[PDB]
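For reference, the structure discussed in these notes is given below.
Every residue, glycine as well, gets a Cβ built from its backbone with ideal geometry; the counts of neighbours run over all protein chains shown. Please treat every number below as a calculation from the coordinates, not as lab data.
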Amino acid sequence: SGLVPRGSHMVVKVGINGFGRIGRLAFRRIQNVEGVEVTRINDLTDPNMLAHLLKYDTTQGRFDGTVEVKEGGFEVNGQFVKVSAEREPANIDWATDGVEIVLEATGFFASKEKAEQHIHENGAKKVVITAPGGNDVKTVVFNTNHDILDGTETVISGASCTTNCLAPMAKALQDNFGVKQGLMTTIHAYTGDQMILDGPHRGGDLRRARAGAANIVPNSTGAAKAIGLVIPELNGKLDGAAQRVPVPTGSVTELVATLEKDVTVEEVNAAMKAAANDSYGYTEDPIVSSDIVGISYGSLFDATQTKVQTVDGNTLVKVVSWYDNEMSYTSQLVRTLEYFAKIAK
Amino acid sequence: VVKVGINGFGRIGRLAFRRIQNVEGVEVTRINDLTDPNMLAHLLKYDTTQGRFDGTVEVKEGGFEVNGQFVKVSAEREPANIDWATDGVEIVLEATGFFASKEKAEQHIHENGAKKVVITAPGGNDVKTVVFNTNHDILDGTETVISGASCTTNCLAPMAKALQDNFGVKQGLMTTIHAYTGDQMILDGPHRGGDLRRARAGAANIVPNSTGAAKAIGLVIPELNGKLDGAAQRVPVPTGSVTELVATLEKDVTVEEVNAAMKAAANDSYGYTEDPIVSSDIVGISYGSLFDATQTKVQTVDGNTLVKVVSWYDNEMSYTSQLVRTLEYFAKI
Amino acid sequence: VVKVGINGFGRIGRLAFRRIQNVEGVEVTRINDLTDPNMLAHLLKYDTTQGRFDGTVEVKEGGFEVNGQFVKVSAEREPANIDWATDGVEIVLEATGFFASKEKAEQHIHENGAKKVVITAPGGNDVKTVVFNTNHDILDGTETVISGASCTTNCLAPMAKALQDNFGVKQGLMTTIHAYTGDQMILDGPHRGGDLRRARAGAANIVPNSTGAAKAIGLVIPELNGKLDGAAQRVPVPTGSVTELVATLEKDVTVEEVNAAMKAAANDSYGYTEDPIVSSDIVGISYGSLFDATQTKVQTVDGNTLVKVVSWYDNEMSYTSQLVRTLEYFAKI
Amino acid sequence: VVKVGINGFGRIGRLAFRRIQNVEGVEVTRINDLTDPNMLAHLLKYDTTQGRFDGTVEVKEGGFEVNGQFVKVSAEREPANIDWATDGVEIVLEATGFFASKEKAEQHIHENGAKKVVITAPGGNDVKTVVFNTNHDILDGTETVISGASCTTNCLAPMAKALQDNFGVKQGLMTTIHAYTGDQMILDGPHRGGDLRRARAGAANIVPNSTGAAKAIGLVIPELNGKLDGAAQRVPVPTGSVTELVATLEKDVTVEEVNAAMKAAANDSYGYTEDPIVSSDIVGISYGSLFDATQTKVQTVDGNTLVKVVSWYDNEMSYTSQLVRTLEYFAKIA
Ligand SMILES: NC(=O)c1ccc[n+]([C@@H]2O[C@H](COP(=O)([O-])OP(=O)(O)OC[C@H]3O[C@@H](n4cnc5c(N)ncnc54)[C@H](O)[C@@H]3O)[C@@H](O)[C@H]2O)c1
Ligand SMILES: NC(=O)c1ccc[n+]([C@@H]2O[C@H](COP(=O)([O-])OP(=O)(O)OC[C@H]3O[C@@H](n4cnc5c(N)ncnc54)[C@H](O)[C@@H]3O)[C@@H](O)[C@H]2O)c1
Ligand SMILES: NC(=O)c1ccc[n+]([C@@H]2O[C@H](COP(=O)([O-])OP(=O)(O)OC[C@H]3O[C@@H](n4cnc5c(N)ncnc54)[C@H](O)[C@@H]3O)[C@@H](O)[C@H]2O)c1
Ligand SMILES: NC(=O)c1ccc[n+]([C@@H]2O[C@H](COP(=O)([O-])OP(=O)(O)OC[C@H]3O[C@@H](n4cnc5c(N)ncnc54)[C@H](O)[C@@H]3O)[C@@H](O)[C@H]2O)c1
Ligand SMILES: [Mg+2]
Ligand SMILES: [Mg+2]
Ligand SMILES: [Mg+2]
Ligand SMILES: [Mg+2]
């Protein structure tokens, strides 16, 4: 390569738009990254609300450090972070606080055209969307395809929680055995786009309208359909859907697939274990969803759930991987942000 | 047959619609919310806590049919711009949660508008606040805006009134252990009202919060003005609540006398039970308040007594039943 | 009028009793469990997920009255020691979960005992396994012990049969997203069956677990023997479940053709819907299985196709409705 | 370094084990339950509400290794038959819930048995009942069987003691809004103890139930004997609870005086906060009781005052922290 990455001693200043579940957890992880520092947060509320929500967290625990509210922001372990309440990305003066890269984590500007509103005079230089960002934006799952970045990009995508879970599992199947086709079901924690109790859903979804913590709720997901953005050779081969269920975080992805090469359960499991790294984990323990809350793997393969069914010479393969849709995704997002910040030019 | 409109087809609005189906002399001809007819029709048909709709619902142009009868749906954000009179609407159920004052609710009353408004919530001290079968006799029919009180007030009032009439209340403190509601966040996030506790995941926490029901009880029971205060603990059930009152009394009492007084005060609004029930057993009940004799305490220490009385309520259907009883009576006069 | 005995007045036993109140030719005259009549009467009257009993229940000496009719209650731990014949009982619903085999269920059949038994669960390969309206024609009336199968089998069977009859099934894999059940721990603790996942808090986790419904489908639909396998993900709802099947077929299909085949297969046991429902909408239904056309997929890649079909079931009431249909039919022949 | 045994490797037993890993003078060499080592090792490693175990756990013949150190596991149903002395065990944490009395807990003490027992629950009126940093001074070290009280008692005691010492309590009523526990049914079914409310689905209901914490407060704070009574509302959180006390006092007070008195009473056992927290924020805390100044009320009507004071507790880890403090102290002076 010729990427001439900055050292982690060269601290890149970052902005967060949307201090929500992903925004706040990203902020937490950035405290333990040497070369990245958050100097500006933009949301729709006062500093006290945001400071309180950083300090206390229902699913991810108390903040590791001190948080203290101040005029126009709050201090985190002594260091001041500016807070603003600007509804339009175009009006945020990111350059005032030295911000080069924005984490776009509101859920309202997840496209090239909308995210580009952050890039203007007195604005930011680059934007990382914390969600799928359309087919014209480079979409990175860290340790699967982050080598597609050269640092000249203005808008990139960190993909979805489900994509970060599925990608290394699907890639391992492809590289070892060849994937012909497959169908995915993710059994997913409820999220902030569902209603706490039955009521009109602003996006017109009749199922997200329903009480999220009291129902099994079917819903759509693009993670299988858009896997070609991450793994080109799987383009058009996967499709899927979700069943959202009453846990506040923690999810699992099942993939049923046909393969080119013949396999046994043992060979499938061995292939996953050999593909394991900081992003893709491996376990043979019979765990449940609470055991993956707060993990740093993007995807945790569960060898206890593997199936290989051969009937009349035709085989279906089932592979299953866990993910904390909050912290698993956030860990991948911050790995990508850190890498992008180093090569940004 | 008085024609009614519903502003805010939410939990209270939809359940009020359901109950109005079995009340002759009241009929809903117009619904106003912020969404399309297909969304509202689906939410009427299917209900997580209150069950499937008893009847047929079918989406049409600009509304939906309920058992063959068309109801118009509009999506007007401002009360002033709703043409209620077009559909014959005299009385409006103001059930959005955003216009719970005399000035704001009066916006429904204009040319091509409505005549009267019932606020499905506390509406201030200058609006008559009615708990049915406790103080609905204060209505004369000339009022423009009235309040149906809160869910907690409809629970508390008959229980507090029975203690006052029989034994006299000196003072008391109330705790309501309450179902989570739509004003809490599904997961931890910024609360638009500035509440740091309603900001938290409502179905995953015991969440302390404020309530005005005990402090404002004087609007319903004048003789208890200034005598009660309280608070709430919101907990992970999607509907169904309970109110505890700890009080000092003028007269000496026993557990049996307290329970007997409640039984004697029982009616369509105020129920009585000695069964050891739990919250799921009161989901969908028609009582505004269900006294539970199994939870009564009378503690006497060194001549001084504290009395504990407890009543169940479905914050949804118990309140809605009361609301529709008041609507029916108000429309008649 | 055939007289029925219930062993194990649990979730299935109590709901079977409830359904039998609306079946004219059948009557429960004896209940056996491990507790006193007051506990059982209370648990009949009040039900967290299925609502208040539609009737009166009053505790008496050695049992309870349901709408004035006495039902005898015993607490006999061993099936061989229950004197079923005393109360005219000919057929026993074996619903404890502890006697789900031919040899164990046969203990009910003795002198002063019952004549026949229906196990409310899988009961082994030497017991006829019946899903009503899929294979109840295998019964001739001479059987002593039969099986009503599982909840998942009653969901999966009509959906799989419809695929087979119309298109021909080659193979398939099943996932059921299932309500937690009484065999899971309320909080993390030692599981008596040795299951490390059922040991975990059932209402606070997604819990993978095994199921035999797909593997044993050959007992119900012979032509699908050895063709299906599956597993479960148990999740935090107290009742209500859904079965997804991904399959390969002999004929080429479209989404529209698959949905049309299910609609044509629909009967009292197998329902059809195009409404975008969620799990609470199927609690208390009478269908054994409710096909959801909104979740169908037909994926064709390089000439090869996978088909996904999904059906809802209330693991409690859907199963119980099938069980009582089979019980009635088995009693009449 | 005193060697300890655990009878009942349940919620309290397992969390007690976890805390003992960070106590220098105490060490667990024997666990007794009703299951195989693989089940117990798995339940130690993975915990729904309290998180993954900080350390390595590996199953072996007849037990498991924790960071390379072997701990013996047995499955003896009767306390009389457990040979505690074989593994050097002097003090036993009795955490099954089935032997919470002097007579039943004494069964552990025999030849080849243990010397002393700490019951992780109320143990009756004839056993010394200790809330650490409230009345652990009543121990002299000669006792055979002691009690660590209940979760609610450990919450209530320092709050009630602070009111008594500063202002004087006449009487009071307590409501604890409590997490569901292992003695409730997961779904509606026959309750073996005959309780018609604990028979109901614990994670789907508000469930009224009895508690003895207020009535038996005299065992911990003698001067409050016969002055308090209460009850519980069990609700759908898997751990985390809160205790409300409404009381009449001898002295007149303000909200500020009441809060200041609690802050002055604060220590490792009794915490103080002014932050508007919720139950998830107290899961895993080491305070036995955490006073919440945001919920205090002082209502005066016609010269007569009622005072409301509220404290949080993680019925699991708050109680366990107090239990291990008392165990450590009791072992030191034995
Ligand atoms: N939660 C997950 O599991 C998860 C996983 C991966 C990706 N994501 C994606 O991350 C994004 C955020 O998800 P979340 O769960 O954190 O949502 P959230 O609702 O918790 O956070 C959204 C935040 O954005 C703020 N906001 C909304 N509109 C704004 C505006 N115009 N300007 C500034 N701030 C605004 C809100 O006040 C809130 O704090 C979405 O794109 C989502 O799809 C979420
Ligand atoms: N839910 C309860 O337990 C309960 C009990 C008693 C009283 N209340 C009161 O009833 C009211 C409604 O509560 P809810 O739980 O039904 O709330 P909800 O959120 O379920 O219903 C609110 C409805 O109003 C609509 N709406 C919002 N703004 C609007 C506008 N400008 N114009 C038109 N429609 C608009 C929303 O789309 C929604 O359908 C509140 O005042 C509440 O305090 C609720
Ligand atoms: N709940 C479901 O979703 C469901 C669905 C289909 C099939 N089943 C099957 O039905 C059976 C019962 O399941 P459930 O959910 O009703 O369980 P449950 O625990 O609710 O009911 C079991 C009942 O049997 C009683 N019992 C136990 N041992 C007994 C004995 N020796 N003698 C008499 N009574 C005894 C218990 O006291 C209890 O009342 C099981 O075989 C289960 O697999 C359950
Ligand atoms: N859980 C709480 O919130 C809490 C709080 C304070 C005190 N306590 C007390 O702690 C005790 C245990 O409560 P828990 O919640 O940990 O219960 P639990 O059900 O989680 O633990 C009980 C354990 O004891 C084992 N056991 C049962 N009978 C046994 C026997 N005869 N011999 C050996 N082991 C046996 C069981 O297998 C199980 O592992 C009770 O006395 C309870 O009142 C509990
Ligand atoms: Mg940093
Ligand atoms: Mg009518
Ligand atoms: Mg009948
Ligand atoms: Mg130690």
Note to self: Give me a comma-separated list of calculated 3J(HN,Hα) values for the stretch B:204-213, in order, Karplus coefficients 6.51, -1.76, 1.60 applied at θ = phi - 60°, integers in Hz, x for any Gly or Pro.
What the structure shows: 10, 8, 7, 10, x, 7, 7, 8, x, 4
Item checked: DSSP beta bridge pairing in the stretch C:52-154, given as percent antiparallel to the nearest 5 -> 45
Check: Taking Cα atoms, how many degrees apart are the long axis of helix C:317-332 and the longest axis of chain C, rounded to 10 and kept between 0 and 90?
Finding: 60
Checklist line | 3J(HN,Hα) from dihedral phi, the stretch A:83-90, Karplus parametrisation 6.51/-1.76/1.60, rounded to Hz, x for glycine, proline | finding: 10, 10, 10, 9, 5, 9, x, 4
Notebook entry, point to check: If one takes the longest principal axis of the Cα atoms in chain C, at what angle in degrees, from 0 to 90 and to the nearest 10, does the Cα axis of helix C:151-167 lie?
Noted result: 40
Check: Roughly how tilted is helix D:317-332, in degrees to the nearest 10 and between 0 and 90, from the longest Cα axis of chain D?
Finding: 60
Notebook entry, point to check: Taking H as built 1.01 Å from N, whose amide H comes closer than 5 Å to the amide H of B:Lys128, not counting residues under 5 places away?
Noted result: B:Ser147
Checklist line | Beta bridges by DSSP in the stretch D:150-315, antiparallel share as percent, to the nearest 5 | finding: 65
Notebook entry, point to check: Which of the peptides C:309-321, B:158-170, C:265-277, D:247-259 is most tightly packed, and how do the rest follow, going by the mean number of other Cβ atoms within 10 Å of each residue?
Noted result: C:309-321, B:158-170, C:265-277, D:247-259
Notebook entry, point to check: Normalised by the number of residues in the stretch B:150-315, what is the relative contact order in percent for Cα pairs under 8 Å and 6+ residues apart?
Noted result: 28
Margin query: Taking each residue in C:39-48, count the Cβ atoms of any other chain within 10 Å of its Cβ, then average. What number comes out?
Written below: 6
Next item on the list: Arrange the peptides B:2-9, B:39-46, A:283-290 so that the one whose residues have, on average, the most other Cβ atoms within 10 Å appears first.
Entry: B:2-9, B:39-46, A:283-290
Notebook entry, point to check: Shielding of A:50-59 by partners, i.e. mean partner chain Cβ atoms within 10 Å per residue?
Noted result: 6
Check: What value, in deg cm²/dmol to 500, does the helix sum -39500 (n - 2.57) over DSSP H runs of n ≥ 4 give at 222 nm once divided by the residues of chain D?
Finding: -6000 deg cm²/dmol
Next item on the list: Name the most mobile residue of A:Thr306, A:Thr154, A:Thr315, meaning the one with the largest mean-square fluctuation, in a Gaussian network model of chain A with Cα contacts below 10 Å.
Entry: A:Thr315
Notebook entry, point to check: Can you run phi through the Karplus equation (6.51, -1.76, 1.60; θ = phi - 60°) for the stretch C:59-66 and list ³J(HN,Hα) in whole Hz, with x for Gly and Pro?
Noted result: 6, 9, 4, x, x, 8, 9, 10
Next item on the list: Looking at chain D, send over the antiparallel percent of its DSSP beta bridges, to the nearest 5.
Entry: 50
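Could you work out, residue by residue across D:303-314, how many beta carbons of other chains sit within 10 Å of that residue's beta carbon, and then give the average as an integer?
2
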Next item on the list: Output the relative contact order of chain D, whole-number percent, from Cα pairs under 8 angstrom with separation of 6+ residues.
Entry: 16
Item checked: Charge tally in the Cβ shell below 10 Å around D:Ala231, where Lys, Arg are +1 and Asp, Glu are -1, D:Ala231 excluded -> 0
Notebook entry, point to check: Taking N as the number of residues in the stretch A:158-250, what is its alpha-carbon radius of gyration divided by 2.2 N^0.38 Å?
Noted result: 1.22
Check: Which number comes out as Rg/Rh for chain C once both Rg and the Kirkwood Rh are worked out on C-alpha atoms?
Finding: 0.98
Check: With each run of n ≥ 4 DSSP H residues scored as -39500 (n - 2.57), what mean residue ellipticity at 222 nm is computed for chain B after dividing by its residue count and rounding to the nearest 500 deg cm²/dmol?
Finding: -6000 deg cm²/dmol
Next item on the list: Mind listing the long-range amide H neighbours of B:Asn32? Cut-off is under 5 Å, sequence gap 5 or more, other chains count too, H placed in the peptide plane at 1.01 Å from N.
Entry: B:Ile6, B:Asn7, B:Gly8, B:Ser74
Checklist line | Isotropically averaged projected area of the protein assembly as shown, using the convex hull of Cα atoms (one quarter of hull area), nm² | finding: 51.9
Next item on the list: Distance check, please: which entries in C:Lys128/C:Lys227; D:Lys215/D:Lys297; C:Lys104/C:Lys263; B:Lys128/B:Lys227; D:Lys128/D:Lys227; A:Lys114/C:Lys297 exceed 29 angstrom between their Cα atoms?
Entry: C:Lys104/C:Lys263; A:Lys114/C:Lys297
Check: If contacts are Cα pairs under 8 angstrom and at least 6 residues apart, what is the relative contact order of chain B in percent?
Finding: 16
Item checked: Backbone N within the stretch C:244-286 under 15 Å of label point (7 Å from B:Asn38 Cα along the Cβ vector) -> C:274-277
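Want the number for A:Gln79 to A:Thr96: 0.36 nm per residue separation, take away the alpha-carbon distance, what's left? Mind dumping the intermediate values first?
Values: separation 17, 0.36 × 17 = 6.12 nm, distance 1.67 nm.
Gain on stretching A:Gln79 to A:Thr96: 4.4 nm.
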Notebook entry, point to check: When the Debye formula is applied to the Cα atoms of the stretch C:150-315, each taken as the same point scatterer, what base-10 log of I(q)/I(0) results at q = 0.10, 0.17, 0.20 Å⁻¹?
Noted result: -0.38, -1.00, -1.27
Notebook entry, point to check: Looking only at B:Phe53, B:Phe99, B:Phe17, which one moves most when chain B is put into a Gaussian network model with springs between Cα atoms under 10 Å?
Noted result: B:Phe53
Margin query: Order these by the 10 Å Cβ neighbour count, fewest first: A:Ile30, A:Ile227.
Written below: A:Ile30, A:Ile227
Checklist line | 5 angstrom amide H check on C:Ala214, placed H, neighbours 5+ away | finding: C:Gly230
